[PDB]
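*Asks:* Got an experimental structure here, sequence first:
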Amino acid sequence: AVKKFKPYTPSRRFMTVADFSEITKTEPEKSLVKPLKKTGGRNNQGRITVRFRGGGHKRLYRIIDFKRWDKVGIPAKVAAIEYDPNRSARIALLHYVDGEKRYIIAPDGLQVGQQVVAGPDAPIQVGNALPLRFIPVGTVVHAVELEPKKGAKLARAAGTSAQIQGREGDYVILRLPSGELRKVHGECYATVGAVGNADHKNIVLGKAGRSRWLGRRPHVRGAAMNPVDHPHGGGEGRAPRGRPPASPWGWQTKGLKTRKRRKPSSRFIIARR
Amino acid sequence: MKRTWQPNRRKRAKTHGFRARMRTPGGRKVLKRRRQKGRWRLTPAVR
RNA sequence: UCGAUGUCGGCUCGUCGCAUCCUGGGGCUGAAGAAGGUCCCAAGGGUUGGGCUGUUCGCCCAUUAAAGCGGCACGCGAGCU
RNA sequence: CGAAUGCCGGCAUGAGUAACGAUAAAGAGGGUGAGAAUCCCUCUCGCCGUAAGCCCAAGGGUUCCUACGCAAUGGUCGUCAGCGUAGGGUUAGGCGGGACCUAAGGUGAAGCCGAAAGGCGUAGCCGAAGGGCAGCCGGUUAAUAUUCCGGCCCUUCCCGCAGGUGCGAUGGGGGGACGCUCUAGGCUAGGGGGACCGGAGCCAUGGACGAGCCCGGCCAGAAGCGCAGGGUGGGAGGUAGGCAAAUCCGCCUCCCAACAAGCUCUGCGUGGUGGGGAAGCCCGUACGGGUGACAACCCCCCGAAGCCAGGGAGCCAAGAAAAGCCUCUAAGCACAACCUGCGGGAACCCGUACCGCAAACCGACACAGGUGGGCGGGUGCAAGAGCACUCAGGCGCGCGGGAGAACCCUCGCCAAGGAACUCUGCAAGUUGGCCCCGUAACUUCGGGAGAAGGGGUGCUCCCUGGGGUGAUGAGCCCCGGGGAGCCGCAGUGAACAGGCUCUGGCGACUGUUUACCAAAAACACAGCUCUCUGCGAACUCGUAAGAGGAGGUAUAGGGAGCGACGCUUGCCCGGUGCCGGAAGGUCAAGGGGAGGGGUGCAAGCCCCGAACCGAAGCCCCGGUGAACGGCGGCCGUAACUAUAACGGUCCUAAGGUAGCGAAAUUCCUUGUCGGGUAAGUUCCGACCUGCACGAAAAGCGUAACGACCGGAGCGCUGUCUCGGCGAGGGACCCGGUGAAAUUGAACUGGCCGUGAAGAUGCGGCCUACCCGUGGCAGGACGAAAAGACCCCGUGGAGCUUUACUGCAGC
RNA sequence: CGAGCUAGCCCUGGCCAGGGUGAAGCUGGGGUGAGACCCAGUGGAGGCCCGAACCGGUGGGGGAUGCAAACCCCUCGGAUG
RNA sequence: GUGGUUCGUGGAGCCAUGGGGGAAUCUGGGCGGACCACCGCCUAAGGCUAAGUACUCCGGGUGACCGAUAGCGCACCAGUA
RNA sequence: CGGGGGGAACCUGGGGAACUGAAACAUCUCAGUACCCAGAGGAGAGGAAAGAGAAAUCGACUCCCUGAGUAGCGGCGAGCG
RNA sequence: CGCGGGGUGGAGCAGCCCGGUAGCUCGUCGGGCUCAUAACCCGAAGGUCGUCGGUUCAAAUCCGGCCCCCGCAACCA
RNA sequence: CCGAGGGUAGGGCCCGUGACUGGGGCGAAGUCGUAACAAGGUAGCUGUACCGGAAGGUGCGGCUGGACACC
RNA sequence: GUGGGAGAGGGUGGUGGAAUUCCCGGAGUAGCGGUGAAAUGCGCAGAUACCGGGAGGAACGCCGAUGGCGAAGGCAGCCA
Ligand SMILES: NC[C@@H]1O[C@H](O[C@H]2[C@@H](O)[C@H](O[C@@H]3[C@@H](O)[C@H](N)C[C@H](N)[C@H]3O[C@H]3O[C@H](CO)[C@@H](O)[C@H](O)[C@H]3N)O[C@@H]2CO)[C@H](N)[C@@H](O)[C@@H]1O
Ligand SMILES: [Mg+2]
Ligand SMILES: [Mg+2]
Ligand SMILES: [Mg+2]
Ligand SMILES: [Mg+2]
Ligand SMILES: [Mg+2]
Ligand SMILES: [Mg+2]
Ligand SMILES: [Mg+2]
Ligand SMILES: [Mg+2]
Ligand SMILES: [Mg+2]
Ligand SMILES: [Mg+2]
Ligand SMILES: [Mg+2]
Ligand SMILES: [Mg+2]
Ligand SMILES: [Mg+2]
Ligand SMILES: [Mg+2]
Ligand SMILES: [Mg+2]
Ligand SMILES: [Mg+2]
Ligand SMILES: [Mg+2]
Ligand SMILES: [Mg+2]
Ligand SMILES: [Mg+2]
Ligand SMILES: [Mg+2]
Ligand SMILES: [Mg+2]
Ligand SMILES: [Mg+2]
Ligand SMILES: [Mg+2]
Ligand SMILES: [Mg+2]
Ligand SMILES: [Mg+2]
Ligand SMILES: [Mg+2]
Ligand SMILES: [Mg+2]
Ligand SMILES: [Mg+2]
Ligand SMILES: [Mg+2]
Ligand SMILES: [Mg+2]
Ligand SMILES: [Mg+2]
Ligand SMILES: [Mg+2]
Ligand SMILES: [Mg+2]
Ligand SMILES: [Mg+2]
Ligand SMILES: [Mg+2]
Ligand SMILES: [Mg+2]
Ligand SMILES: [Mg+2]
Ligand SMILES: [Mg+2]
Ligand SMILES: [Mg+2]
Ligand SMILES: [Mg+2]
Ligand SMILES: [Mg+2]
Ligand SMILES: [Mg+2]
Ligand SMILES: [Mg+2]
Ligand SMILES: [Mg+2]
Ligand SMILES: [Mg+2]
Ligand SMILES: [Mg+2]
Ligand SMILES: [Mg+2]
Ligand SMILES: [Mg+2]
Ligand SMILES: [Mg+2]
Ligand SMILES: [Mg+2]
Ligand SMILES: [Mg+2]
Ligand SMILES: [Mg+2]
Ligand SMILES: [Mg+2]
Ligand SMILES: [Mg+2]
Ligand SMILES: [Mg+2]
Ligand SMILES: [Mg+2]
Ligand SMILES: [Mg+2]
Ligand SMILES: [Mg+2]
Ligand SMILES: [Mg+2]
Ligand SMILES: [Mg+2]
Ligand SMILES: [Mg+2]
Ligand SMILES: [Mg+2]
Ligand SMILES: [Mg+2]
Ligand SMILES: [Mg+2]
Ligand SMILES: [Mg+2]
Ligand SMILES: [Mg+2]
Ligand SMILES: [Mg+2]
Ligand SMILES: [Mg+2]
Ligand SMILES: [Mg+2]
Ligand SMILES: [Mg+2]
Ligand SMILES: [Mg+2]
Ligand SMILES: [Mg+2]
Ligand SMILES: [Mg+2]
Ligand SMILES: [Mg+2]
Ligand SMILES: [Mg+2]
Ligand SMILES: [Mg+2]
Ligand SMILES: [Mg+2]
Ligand SMILES: [Mg+2]
Ligand SMILES: [Mg+2]
Ligand SMILES: [Mg+2]
Ligand SMILES: [Mg+2]
Ligand SMILES: [Mg+2]
Ligand SMILES: [Mg+2]
Ligand SMILES: [Mg+2]
Ligand SMILES: [Mg+2]
Ligand SMILES: [Mg+2]
Ligand SMILES: [Mg+2]
Ligand SMILES: [Mg+2]
Ligand SMILES: [Mg+2]
Ligand SMILES: [Mg+2]
Ligand SMILES: [Mg+2]
Ligand SMILES: [Mg+2]
Ligand SMILES: [Mg+2]
Ligand SMILES: [Mg+2]
Ligand SMILES: [Mg+2]
Ligand SMILES: [Mg+2]
Ligand SMILES: [Mg+2]
Ligand SMILES: [Mg+2]
Ligand SMILES: [Mg+2]
Ligand SMILES: [Mg+2]
Ligand SMILES: [Mg+2]
Ligand SMILES: [Mg+2]
Ligand SMILES: [Mg+2]
Ligand SMILES: [Mg+2]
Ligand SMILES: [Mg+2]
Ligand SMILES: [Mg+2]
Ligand SMILES: [Mg+2]
Ligand SMILES: [Mg+2]
Ligand SMILES: [Mg+2]
Ligand SMILES: [Mg+2]
Ligand SMILES: [Mg+2]
Ligand SMILES: [Mg+2]
Ligand SMILES: [Mg+2]
Ligand SMILES: [Mg+2]
Ligand SMILES: [Mg+2]
Ligand SMILES: [Mg+2]
Ligand SMILES: [Mg+2]
Ligand SMILES: [Mg+2]
Ligand SMILES: [Mg+2]
Ligand SMILES: [Mg+2]
Ligand SMILES: [Mg+2]
Ligand SMILES: [Mg+2]
Ligand SMILES: [Mg+2]
Ligand SMILES: [Mg+2]
Ligand SMILES: [Mg+2]
Ligand SMILES: [Mg+2]
Ligand SMILES: [Mg+2]
Ligand SMILES: [Mg+2]
Ligand SMILES: [Mg+2]
Ligand SMILES: [Mg+2]
Ligand SMILES: [Mg+2]
Ligand SMILES: [Mg+2]
Ligand SMILES: [Mg+2]
Ligand SMILES: [Mg+2]
Ligand SMILES: [Mg+2]
Ligand SMILES: [Mg+2]
Ligand SMILES: [Mg+2]
Ligand SMILES: [Mg+2]
Ligand SMILES: [Mg+2]
Ligand SMILES: [Mg+2]
Ligand SMILES: [Mg+2]
Ligand SMILES: [Mg+2]
Ligand SMILES: [Mg+2]
Ligand SMILES: [Mg+2]
Ligand SMILES: [Mg+2]
Ligand SMILES: [Mg+2]
Ligand SMILES: [Mg+2]
Ligand SMILES: [Mg+2]
Ligand SMILES: [Mg+2]
Ligand SMILES: [Mg+2]
Ligand SMILES: [Mg+2]
Ligand SMILES: [Mg+2]
Ligand SMILES: [Mg+2]
Ligand SMILES: [Mg+2]
Ligand SMILES: [Mg+2]
Ligand SMILES: [Mg+2]
Ligand SMILES: [Mg+2]
Ligand SMILES: [Mg+2]
Ligand SMILES: [Mg+2]
Ligand SMILES: [Mg+2]
Ligand SMILES: [Mg+2]
Ligand SMILES: [Mg+2]
Ligand SMILES: [Mg+2]
Ligand SMILES: [Mg+2]
Ligand SMILES: [Mg+2]
Ligand SMILES: [Mg+2]
Ligand SMILES: [Mg+2]
Ligand SMILES: [Mg+2]
Ligand SMILES: [Mg+2]
Ligand SMILES: [Mg+2]
Ligand SMILES: [Mg+2]
Ligand SMILES: [Mg+2]
Ligand SMILES: [Mg+2]
Ligand SMILES: [Mg+2]
Ligand SMILES: [Mg+2]
Ligand SMILES: [Mg+2]
Ligand SMILES: [Mg+2]
Ligand SMILES: [Mg+2]
Ligand SMILES: [Mg+2]
Ligand SMILES: [Mg+2]
Ligand SMILES: [Mg+2]
Ligand SMILES: [Mg+2]
């Protein structure tokens, strides 16, 4: 957990780096599994549609298995634990006995020697995937399918997890990382345990640049613009907002609920406190 | 100091070039106008 | 005078007025002497260096015969700042 | 046509005036020629030399070479030229690019969307300064050369012979295939020295015939070999995966290696031949050509950032694709095919001159500006691409000759004094490199720190330690140490090279910004908090399709404020915004048809049309402060006086807590006191009557940081008392070239008046021969710009909102 | 019709003399019940320091019908991000 | 719900049609300015159709059209420098 | 077998402004104009009544004259027709 | 000067704005409870509404003048 | 050479003094309330934490040096 | 040393039921709460009281003593 640094510079002071002892590889990754990708924050018309993005280190994209159900019953050994620079979490390289090599997002608790499976069969132990209906109430669980066969959308980020609070008919009730209480279909695959690399939240960037390396550009406050530019700005000598605080496009940024009311999804949600 | 003309022979024909004009309706009427007027050169020099 | 008469203060350079700050000449005095008070004549000349402030001004330090008030587009930016 | 700051052209004034475009710098002889400071040669002088030399890419497009020219172009001249006329000149299977690959992007069968034009989109395709791929050294022309030629190597295609083999691809696998910082061992470019090798020639002016002085001592090169490195397991058995099949690949198991041991690839070395080859003298050259010679062609050292190259180590931000390439099987074919080696053949299109930090490119100019890559020698100074001189090479900047005023610019020095200058030490000075001693508050324990403040610095001789390379030796090279002397005003002797301290404000910090008047206390920033978003996410761009978000998933993503860190961030929910509320109230279309009307003989057809049911929204109830925001008044009171812990009452949704406080906020104000100073509207501490601080438009501190803004001291000064002298480029005189704004016309004086109120022009009076040159700026309400301030116009435009009315969005 | 200037991002290359400080880590030693830790050498971190190239544009002077429609001189900021 | 028409919601018919409902074939259906009756007119939901009309790159004829600052931008090697 | 692209102006179709007028300005106007797009051609469009509209009338369409600045339309305004 | 609000028993506030009526809390005075004071309970007193002029039958009330008060404003210059 | 000492520079310690500021001692009869001693009228005390004109109040835990009716 | 003992002695992981609160459903009506007495609050938008489900956190009643253990602070459901 968390390398620190004596302050031989300002900003080497509170700067903080992850603990990579867990990483069993480096300079990988399995060349069979990874293409590349690009963007700018700009979109197919050339237009910035997400602000303050660009720069940052070149990445290769590790292809990664979110359908574990196509291997039902085939076992696999955990081969390696290494670094993915497209996600908060770390990926486990695993060899199947098919001789197929695949990437899994690494649960907290995997040592690399261990066997993992997926399917209704599936001993209930860290690393194994099952359909939710066969997992006993109370299990902490990650990488969940939202609908059956569509891939795992939930609890994928470092340290996240979910809990089975009970079942109703064809569906099971899940407490998400948000605390929202959600029904999910019994046939959705999930793997048991929590994501791990959970100390991720305690890295401390420590200098401006380390934000740029992650591709995050400087973010300027409405407050500091002119009135063409943003609902708050001018007059200056600073100013309070002069108005209920707003986004550049004019909507209100405190309190104002953006989820749409009539989504058929609403029929499956009970929460989010 | 750096002025506004920084000639690049490729850039000139991919921007104002004859094929370039011919691709955009905006651009075809640029040609029609120049032909209708009798320009000697409908489209720039580049070597 | 708006088909433009650049505006405070400083600096440089001055010039003029006298309702005189000093020096010269006077009357009166509640002028013994010395030293002052006040009023008259007189524009020849002279009228310091410095702390503060953009400052003019003003206060202040140290001197002085004295540390004069004004005009010249609040003299002077085709002379400077 | 007389006026429009009219329009077009022509010609004036200014005026022979300013300038002639870097202060690197010129002088003479000879030549050519009608004509020469300017063209050609020689000699002397000066300037560049991590360039002002040389190569490459862009871009330019004949500017290249030579002959004959000088009207113009050339900031003068021109006999010269980048100029005129003409002729000539660019040679590639190997260099660059294409009959190869893929990247962003582009384009796009399929497909999707859009009134039309069109928008999108998987495969494919196109796309390069990336990947792939075979040429090195010399000679030759006036002008091209890895292109022609000489010598020595090499690649593909085609066909044939031999030998080999399950052959075969657009398909499967391997590889290609990668970051940043540090970096080992061995090489090479490159460089330095030699008493050793080769060479014309030299003894000057006191000395020197010398182990003298000056010149040179390499280049390329298949196989073979050697040194150094990269890459790399071998065998079987199973095998369900690698969208078919694989013997390949993956995966499991057993067996031997464990090491480059081998196999293999590249670097360098050497190598058959090949080829260069100075100073000097001589001719004879916009250029170089004989000889030197039959040249020599060797040792030692220094040593890459280049090579071996996928080398190694560490770190986190985690570091392209595809083809060539090899392997695998598929159809298919096995006469084929493929592999290997030898041989003959065949091997296309375009670029190729020249300029290329510039007089040939971008800047209207032969323009002090701008322009990517590579090479960039020697010596000295700690190093170095820094600095001074200098190789090769290239230049003296396309007006000159004088003179030696004011004034200006760039620079040098100054008696005594030393910030007295001034808004302000602005400016300039001081300081200055390296080694050694030494070094405070405070501090986040790193810093502060080059703190401060000092000492050393050259040359000669004596002794002497360690290293590199060689042997462990000399030599050569690097790092020192001690000892005794010498000279000068002075030894980082010239050049490049911090002035320092105390103390405030603001901002944590490095960063960022108004291209071209603002670099900052503004923006950003790690970090804290609120808020939205369950994923076909929210949000954003788009009519849409689609895309970004994100091939992400709440430890994530969007929005907002605050802005490291420390200690903290009070009270109010009445209004407003957001959030929750299944009732109640009102509510549009629609449902409803009480009742009424028009017209018909009537059946009807046709209008209105009450109750009632009926969304969101508003009303209503409530919650919400790191949401918009807001956080009182008058009166009294203590055994001196003052003051008021205390009380009274009026109002509020609530009445400002902590901490700060004449402040980047304090009007009165230069508040009062204290400090500093001889003297302090500034500045520092303090008091609190805070006009009008106050807690994330954050409050109060904070080490470190700052081309920020304020205050003081030391050091030192031409800032100043207060100027002086000197240098150079101008200014002035002469020869050549020769502008510009401006200009109603001029025969253009002072004063006191007058006049539209500031008269050369009118009145009176004074003064005044005609014309210039160098100078100064008081005046022509001097020039420039149809005043930007101010108002006007029912002029215009950016911006705001509970202005009006719309629209997107929801 | 324009991103051949300028602003951002995407793709692919390249550049950054020389010096100065000396983080973690590792090794050894001390310490301890075992540690923390302390010291030494090694090591070579960093929007670290000095300073060329390259990037800037602080202060001042000159220029102002300019060499230049933003320049020149002197000084000065960054210079592995 | 809109457009067209002189018709701007007007008593608003007619022609057209984005949306909902949705017939009949002579006794069928549209129209004559809301609607009703009467009396008339006409036969939608398929198509083609000369000429009389517009215009002038081009050829010709004619000007109380210009005559090189005019007449086209161009009398000339001009959409050129 | 055909299509594609071009053509001065003219024609039809899909779409469609603003200045300006209203002596400000929203309806209105400019205006179905400018423009953009698609398709015709030597012309294009339109054309043989589910028409006019008051006469027991007229007979497809186009163009000119007239009706007529009439009927109307209109912040019953400017104006439109 | 400019605009807005204000002046009422001793203190602090209503009432004015709509003419006839002056009220609330404290305080003061008398009495009670208590050993005594406060607290608490029962009673009471107290004003011409800043001032001057007008309007009306009648003025705290409506109007004007002045006098004080509090508040905002004083910009381009 | 060393050398009294003079000079320049930077530290350390101690005393004095300073606008102002913090509490404290002490001083017959000033103001405000009643915290404590009798369940002192809320048992008291206590470390600590927040708050409040003031004594003090409240939270968490603690000590006894506190505790004849009624459920 | 050997052999035996009692114990809430400490660390770790697990786990059980009672209760409180919150929600969902059921039924049900006019108050509930609270105090010295009240009021604030809660409730006809259906509260309290009653039944069923669920979420979650905390502390462990009886055994329990005037008891045991620990150096002190302290240590109490149950299992390893
Ligand atoms: N020295 C005792 C300490 O001081 C305090 O005591 C101080 C005050 O509280 C106390 O003041 C008292 C006051 O409480 C009491 N109720 C009224 C009394 N008259 C005052 O007394 C004071 O007043 C006068 C001056 O006029 C002096 O003469 C008298 O000595 C003095 N005590 O007098 C002391 C100072 O003189 C506290 N008791 C406490 O902090 C501690 O016990
Ligand atoms: Mg595009
Ligand atoms: Mg960010
Ligand atoms: Mg942030
Ligand atoms: Mg920001
Ligand atoms: Mg701003
Ligand atoms: Mg904009
Ligand atoms: Mg806005
Ligand atoms: Mg604002
Ligand atoms: Mg402000
Ligand atoms: Mg405000
Ligand atoms: Mg130009
Ligand atoms: Mg190019
Ligand atoms: Mg380009
Ligand atoms: Mg032609
Ligand atoms: Mg004027
Ligand atoms: Mg004029
Ligand atoms: Mg006199
Ligand atoms: Mg006298
Ligand atoms: Mg006398
Ligand atoms: Mg005089
Ligand atoms: Mg005088
Ligand atoms: Mg001053
Ligand atoms: Mg004054
Ligand atoms: Mg005046
Ligand atoms: Mg003046
Ligand atoms: Mg001036
Ligand atoms: Mg002046
Ligand atoms: Mg003047
Ligand atoms: Mg006239
Ligand atoms: Mg002249
Ligand atoms: Mg002259
Ligand atoms: Mg001259
Ligand atoms: Mg001759
Ligand atoms: Mg001759
Ligand atoms: Mg001759
Ligand atoms: Mg050199
Ligand atoms: Mg070229
Ligand atoms: Mg000439
Ligand atoms: Mg060849
Ligand atoms: Mg090629
Ligand atoms: Mg090609
Ligand atoms: Mg071919
Ligand atoms: Mg190609
Ligand atoms: Mg290609
Ligand atoms: Mg298609
Ligand atoms: Mg496209
Ligand atoms: Mg391709
Ligand atoms: Mg290429
Ligand atoms: Mg290449
Ligand atoms: Mg090639
Ligand atoms: Mg050659
Ligand atoms: Mg094979
Ligand atoms: Mg591959
Ligand atoms: Mg060599
Ligand atoms: Mg050397
Ligand atoms: Mg001699
Ligand atoms: Mg010589
Ligand atoms: Mg050599
Ligand atoms: Mg060789
Ligand atoms: Mg010979
Ligand atoms: Mg490597
Ligand atoms: Mg391909
Ligand atoms: Mg060539
Ligand atoms: Mg240059
Ligand atoms: Mg270059
Ligand atoms: Mg040249
Ligand atoms: Mg040029
Ligand atoms: Mg020149
Ligand atoms: Mg130039
Ligand atoms: Mg230059
Ligand atoms: Mg350059
Ligand atoms: Mg070099
Ligand atoms: Mg040096
Ligand atoms: Mg140099
Ligand atoms: Mg010159
Ligand atoms: Mg001097
Ligand atoms: Mg001195
Ligand atoms: Mg002074
Ligand atoms: Mg200075
Ligand atoms: Mg310091
Ligand atoms: Mg020093
Ligand atoms: Mg310091
Ligand atoms: Mg010496
Ligand atoms: Mg010497
Ligand atoms: Mg060596
Ligand atoms: Mg010098
Ligand atoms: Mg120096
Ligand atoms: Mg320095
Ligand atoms: Mg300091
Ligand atoms: Mg200050
Ligand atoms: Mg800063
Ligand atoms: Mg920096
Ligand atoms: Mg820095
Ligand atoms: Mg900024
Ligand atoms: Mg600027
Ligand atoms: Mg600037
Ligand atoms: Mg700066
Ligand atoms: Mg949209
Ligand atoms: Mg999407
Ligand atoms: Mg997407
Ligand atoms: Mg994606
Ligand atoms: Mg965010
Ligand atoms: Mg801010
Ligand atoms: Mg707050
Ligand atoms: Mg408070
Ligand atoms: Mg509120
Ligand atoms: Mg509320
Ligand atoms: Mg309702
Ligand atoms: Mg109805
Ligand atoms: Mg009837
Ligand atoms: Mg409603
Ligand atoms: Mg409310
Ligand atoms: Mg104060
Ligand atoms: Mg203030
Ligand atoms: Mg102060
Ligand atoms: Mg503030
Ligand atoms: Mg705030
Ligand atoms: Mg702040
Ligand atoms: Mg502060
Ligand atoms: Mg500070
Ligand atoms: Mg900075
Ligand atoms: Mg700064
Ligand atoms: Mg001087
Ligand atoms: Mg001179
Ligand atoms: Mg003129
Ligand atoms: Mg005359
Ligand atoms: Mg006059
Ligand atoms: Mg003058
Ligand atoms: Mg002059
Ligand atoms: Mg003048
Ligand atoms: Mg003027
Ligand atoms: Mg004007
Ligand atoms: Mg302006
Ligand atoms: Mg108006
Ligand atoms: Mg207007
Ligand atoms: Mg660009
Ligand atoms: Mg660019
Ligand atoms: Mg170093
Ligand atoms: Mg370093
Ligand atoms: Mg740095
Ligand atoms: Mg640095
Ligand atoms: Mg720095
Ligand atoms: Mg630096
Ligand atoms: Mg500058
Ligand atoms: Mg970078
Ligand atoms: Mg209409
Ligand atoms: Mg209409
Ligand atoms: Mg109608
Ligand atoms: Mg009808
Ligand atoms: Mg019918
Ligand atoms: Mg009909
Ligand atoms: Mg009809
Ligand atoms: Mg009718
Ligand atoms: Mg009809
Ligand atoms: Mg037709
Ligand atoms: Mg004709
Ligand atoms: Mg004629
Ligand atoms: Mg003409
Ligand atoms: Mg003529
Ligand atoms: Mg013409
Ligand atoms: Mg056509
Ligand atoms: Mg149409
Ligand atoms: Mg109008
Ligand atoms: Mg008008
Ligand atoms: Mg208007
Ligand atoms: Mg119209
Ligand atoms: Mg149309
Ligand atoms: Mg026709
Ligand atoms: Mg037709
Ligand atoms: Mg037709
Ligand atoms: Mg119309
Ligand atoms: Mg009365
Ligand atoms: Mg204003
Ligand atoms: Mg001594
Ligand atoms: Mg001493
Ligand atoms: Mg108590
Ligand atoms: Mg008590
Ligand atoms: Mg008590
Ligand atoms: Mg008590
Ligand atoms: Mg007690
Ligand atoms: Mg309390
Ligand atoms: Mg015991």
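*Replies:* Arrived safely. Numbering: from 1, shown residues only, chains lettered A, B, ... in the order given. Ligands and ions are numbered 1, 2, ... in the order given.
*Asks:* and the closest residue to residue A:25 other than its chain neighbours, what does it touch?
*Replies:* Of all residues not flanking residue A:25 in the chain, residue A:82 sits nearest, at 3.8 Å (Cβ to Cβ, 6 or more residues apart in numbering or on different chains). The C-beta positions use only the backbone N, C-alpha and C, and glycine is treated the same way. If a contact means Cβ atoms under 8 Å, 6 or more residues apart in numbering or on different chains, then residue A:82 has A:23-26, A:28-29, A:90-91, A:93 as its contacts.
*Asks:* now with 10 Å?
*Replies:* Shown here is residue A:82, whose contacts under the criterion Cβ atoms under 10 Å, 6 or more residues apart in numbering or on different chains are A:20, A:22-30, A:62, A:90-93, A:103, A:106, A:112.
*Asks:* which among these end up buried?
*Replies:* A:22, A:24, A:28-30, A:62, A:90-93, A:103, A:106, A:112 (16 or more other Cβ atoms under 10 Å in any protein chain shown).
*Asks:* filter the residues you listed down to the ones near ligand 3?
*Replies:* The subset of the buried ones among the contacts of residue A:82 within reach of ligand 3, counting by Cβ under 5 Å from the ion, is empty.
*Asks:* ok so, going back, for the residue nearest to residue A:25, name its beta-bridge partners.
*Replies:* Each beta-bridge partner of residue A:82 is listed here: residue A:91, as defined by DSSP bridges.
*Asks:* any idea how far it is from RNA strand D?
*Replies:* In this view, residue A:82 and RNA strand D are 7 Å apart by Cβ to the nearest atom of the strand, to the nearest Å.
*Asks:* what do you get for residue A:209?
*Replies:* Between residue A:209 and RNA strand D the distance, using Cβ to the nearest atom of the strand, works out to 7 Å.
*Asks:* how about the helix or strand in which that residue is found, does it get close to ligand 5?
*Replies:* When elements are defined using DSSP states H and E, residue A:209 is found to belong to helix A:208-213. No - Helix A:208-213 is not in contact with ligand 5 by Cβ under 5 Å from the ion; minimum separation 11.2 Å.
*Asks:* That helix and ligand 3 in contact?
*Replies:* No - interface with ligand 3: helix A:208-213 contributes nothing (Cβ under 5 Å from the ion), its closest point being 5.7 Å away.
*Asks:* Any buried residues in that helix, and which?
*Replies:* Neighbour-count burial for helix A:208-213, counted by 16+ other Cβ under 10 Å, picks out A:210-211.
*Asks:* Output the buried ones among the contacts of residue A:82 as CSV; include the columns distance to residue A:186 and secondary structure.
*Replies:* Output for the buried ones among the contacts of residue A:82, formatted as CSV (distance: Cβ to Cβ, whole Å; DSSP: H, G, I helix; E, B strand; the rest coil):
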residue, distance to residue A:186, secondary structure
A:22, 33, coil
A:24, 35, coil
A:28, 37, coil
A:29, 34, coil
A:30, 33, coil
A:62, 30, coil
A:90, 30, coil
A:91, 28, strand
A:92, 26, strand
A:93, 30, strand
A:103, 26, strand
A:106, 26, coil
A:112, 32, coil
